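Undergrad: sequence-free structure coming up:
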RNA sequence: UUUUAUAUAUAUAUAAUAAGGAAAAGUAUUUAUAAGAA
């Protein structure tokens, strides 16, 4: 029913019902191939709302068992694209407490921890891309 | 482009994928001075 309500209209594809369904669903994204999934998510899922993006980030983390190292570059591109497409809720006069920038940074230290943990494991690698910076 | 996939011996060949869209009105003194003709 979710697909019929929103996705049939090509101009605006609302994936918030989809992310809500899979979050409520117990299976979540587990036992799904990382790679075909990551490319599909990046390709099709965009212009999500914030609460949907938080659920997406958490569900990808749980799918990949919390291994920050495994969290692929496409996963970053998808989350960062969704966060960038968001407009500010309001232009705060100071303009430093925005939720989006905080989550964006949080993913950045997650990438740094991924590199550090892989190197300490020594004792593919994810890449930061120009799309994320943009 | 970028990233990734399959295959092959860190690298190579093919396939897919592209983040750059912002709207608004009003806010003079100029300078020195070179002419040719039969």
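TA: Sure thing, it's come through. Numbers count the residues shown, from 1 in each chain, chains lettered A, B, ... in the order given.
Undergrad: for residue A:42, what are its contacts?
TA: Residues near residue A:42 by C-beta atoms under 8 Å, 6 or more residues apart in numbering: A:74, A:77, A:78, A:81. Where C-beta positions appear, they are placed from N, C-alpha and C, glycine not excepted.
Undergrad: change it to 10 Å
TA: By C-beta atoms under 10 Å, 6 or more residues apart in numbering, the contact set of residue A:42 is A:72, A:73, A:74, A:75, A:76, A:77, A:78, A:79, A:80, A:81, A:82, A:131.
Undergrad: what's around the fifth one, how many residues?
TA: Read that as residue A:76. Residues lying near residue A:76 (other C-beta atoms under 10 Å) number 23.
Undergrad: which among the contacts of residue A:42 end up buried?
TA: Neighbour-count burial (16 or more other C-beta atoms under 10 Å) is assigned, among those, to A:72, A:73, A:74, A:75, A:76, A:77, A:78, A:79, A:80, A:81, A:82.
Undergrad: In a markdown table, list those along with distance to RNA strand B and secondary structure.
TA: Output for the buried ones among the contacts of residue A:42, formatted as a markdown table (distance: C-beta to the nearest atom of the strand, whole Å; DSSP: H, G, I helix; E, B strand; the rest coil):
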| residue | distance to RNA strand B | secondary structure |
| --- | --- | --- |
| A:72 | 7 | coil |
| A:73 | 4 | helix |
| A:74 | 5 | helix |
| A:75 | 10 | helix |
| A:76 | 9 | helix |
| A:77 | 7 | helix |
| A:78 | 10 | helix |
| A:79 | 12 | helix |
| A:80 | 8 | helix |
| A:81 | 5 | helix |
| A:82 | 10 | helix |
